[PDB]
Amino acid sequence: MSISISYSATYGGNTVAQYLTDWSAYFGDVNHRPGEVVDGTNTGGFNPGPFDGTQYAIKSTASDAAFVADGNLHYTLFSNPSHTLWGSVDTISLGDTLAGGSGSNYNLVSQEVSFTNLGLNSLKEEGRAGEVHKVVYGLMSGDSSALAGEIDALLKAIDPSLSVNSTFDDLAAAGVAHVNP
């Protein structure tokens, strides 16, 4: 299935690339790094978890920004290859004001953009070189490059004219993106 994008009308005139840069600047970096994960404040969480589920979500420690990844996800924690997120991601949703987690599915109250039918898939054995790992860990760490590259490849696979340098409105014109009510 080809990529499909939903977006808040607010961002219609933004390029996908520019939106991702800005969102990442707003989320910042949760400092999910050696020596810097010392409590539960920058781990994020799995649904149902603790180390697997159909969602991973994390809140910014710098702002209200948050994201949710939907799919079939597994985190190795200390087990070799350590600190690898692997499995499949179908959807990534970016925005503000995370809700749920506790019997409810994670969801953003302000879902700004959502990218679905991503068909990302990574095996455990790929370790931290897996596309799933790099995409999500990038977002955690203030670098939306990996996500941008993946969306870019999925748009181009539809047609070489479509890319992250298109606006959301451009992609809606091309039938690939859709404004949220």
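The numbering used is simple: start at 1 and walk along the sequence shown.
J.: Comparing 96-104 with 77-85, which has the greater mean CA B-factor as deposited?
T.: In the deposited entry, the stretch with the higher C-alpha B-factor mean is 96-104.
J.: Ranking the modelled residues of this chain by C-alpha B-factor as given in the entry, is residue 44 in the lowest, middle or highest third?
T.: Lowest third - that is where residue 44 ends up once the chain's C-alpha B-factors are sorted.
J.: Where does the C-alpha B-factor of residue 158 rank in its chain, lowest, middle or highest third?
T.: Middle third by C-alpha B-factor.
J.: Quick one: classify residue 122 as lowest, middle or highest third of the chain based on its Cα B-factor.
T.: It falls in the top third of the chain.
J.: Check where residue 70 lands among this chain's C-alpha B-factors and tell me if it's the lowest, middle or highest third.
T.: It falls in the top third of the chain.
J.: Sorting the chain's modelled residues by C-alpha B-factor, tell me whether residue 128 ends up in the lowest, middle or highest third.
T.: Highest third of the chain for residue 128's C-alpha B-factor.
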